[PDB]
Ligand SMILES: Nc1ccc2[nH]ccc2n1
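Quick heads-up: it's one chain on its own, the form deposited without the ligand, in structure tokens.
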């Protein structure tokens, strides 16, 4: 559950909700009104409400008086299972989620839609496809389901802010009603009104990207914000185990203590014997449909103590291309240590040897031609091409996708020219925001390469697929919009 997130409330409403309907330990999270792009954690403690700022410029969720997180659900899960402190040092306990009744971030809620609903279910629906729309009985709602084939409309009465389908139980929210009739389906002459999946509205034909971008650009905040927040609501389905990253011997191998690789997709390092735990790196394999040559490794920026493990990973996975999307230093803070030798220099990083053959400077990036081999084994040498994108802004995203697209095209062609190359290594600082953005753009553009402009692309479906393989891949609404703009610009220059 992610019912503790309220997408459309002010600080005043949040305070009033917690003081009248919550108790000490009650909490909620919400988008900031004073600074769009930020979030607020509002917590009831000692009969008063505290508002804690959460910032995200594209790399992670940074909680004031707390730690850095990959998603708001991982943030909430951490503090609900653990500590959060005020400026004066006092402990703030997250005990009771204060649940939201707003249906605006539900995949199935369409708001204003005529009984249009039938046209959408006929064209895109299948057996069990459903949606909820506003009724004409103003203030009431309509549940429209496809079964097969036919479309059935069930009236939803709203009486005293409770919802019902004519009889039986009265629900506190449309969400509660939908969940109930999803578990216990309504039965008609025998037709079972099974609610199998919400009607898909995000899958578009690539050719019509400009049209969808125009529609998403309109005020709902824009349609992009509403689509992104519906994707964010589904992050609670991705709380997979990250036990290996939490182990004592692995703690200092993480750039950010709470930003960890899922156990089920982490890169396991073999051939480590004097080191009790030599199999860990903060990296995950990312597959585009969840071949190694069409796959990626999403990882963090090297720490001084993880450089050797990084080169063990590249060697083992037979990776021939590295995509670096951060400077070594940004805003005076180290984002990635220099894990490569100076031009023309040779270095040993543990058992691995690396030669920097040549560097080539381009407008937005530097290419470093590297020769990687295992010490004592001449025949193991392979070229590793490091594409270092150097112009990404300190906060937010580039104003134009052109530069990223040109860079991505070059990376793709290098990778495609190498027979049986392993996955493309992609990293930034935490390895989830800019890394996830580059990877998602690359996946979507590759569909267009192979299939052409008439192919189907579904941006949040692709993101959700990438997010099931590494926490919080694609961090912000700005990156979300940037992915759409990059796909639009790619289709436009075809």
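Only the largest set of C-alpha atoms that superpose within 1.5 Å between the two forms is called the rigid core. Positions refer to the first chain, counted from 1. Residues that one form lacks are left out of the comparison.
The form deposited with the ligand bound is left out here; the points below concern that form.
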query	finding
Partner proximity in the deposited complex: residue 61 to the ligand, non-hydrogen atom cutoff 4.5 Å	yes
Residue 72, heavy atom within 4.5 angstroms of the ligand in the deposited complex	yes
The ligand contact in the deposited complex: residue 373, any heavy atom under 4.5 Å	no
The ligand contact at residue 93 in the deposited complex, heavy atom, 4.5 Å	no
Single option in 317, 235, 279, 176 placed near the ligand in the deposited complex, where near means a heavy atom within 4.5 Å	235
In the deposited complex, segment of 179-187, 302-310, 412-420, 227-235 with a heavy atom within 4.5 Å of the ligand	227-235
Rigid core fit then residue 47 CA moved by 2 Å or more between the shown form and the other one	no
Mobile segments between the shown form and the other one [3+ consecutive residues, each C-alpha shifted 2 angstroms or more, core superposed]	33-37
